[PDB]
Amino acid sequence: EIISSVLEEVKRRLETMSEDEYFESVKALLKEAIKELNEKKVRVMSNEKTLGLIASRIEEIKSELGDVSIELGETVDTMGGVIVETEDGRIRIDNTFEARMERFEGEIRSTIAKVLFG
């Protein structure tokens, strides 16, 4: 499967990624989700390492997004990225790497179409 094969490359890259570079991913995907939801109180779910980073570096996050209050939620089985929901649990944006790769599957197929047909 093409999704799983490209996620293997994401896995390889995470193998040597620094905490600081990974946190740039966390911040970017947090901001995207938080901005689309456009609410002042959200809950964030991710793997244990990621939630720990968000907790440790909350002030860095609030400087690039001052309106939001984050509460950590339950830890999940993800390679990385974040799931962000409203405090009440009504709306949820899945910004895990797994979900994001699925959503960008069309870009991979477009490249393959380029290879085959120009």
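Don't overthink the numbering: it's just position in the shown sequence, from 1.
Q: Averaged over C-alpha atoms, is the B-factor higher for 25-33 or for 67-75 in this PDB entry?
A: Averaging CA B-factors over each stretch, the winner is 67-75.
Q: Highest recorded C-alpha temperature factor, please, choosing from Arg43, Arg90, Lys62, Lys49.
A: So the option with the highest C-alpha B-factor is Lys62.
Q: Ranking the modelled residues of this chain by C-alpha B-factor as given in the entry, is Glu105 in the lowest, middle or highest third?
A: Its C-alpha B-factor, which the entry lists for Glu105, ranks in the highest third among residues of this chain.
Q: Just say lowest, middle or highest third for the CA B-factor of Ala55 relative to the other modelled residues in its chain.
A: Tercile = middle for this residue's CA B-factor.
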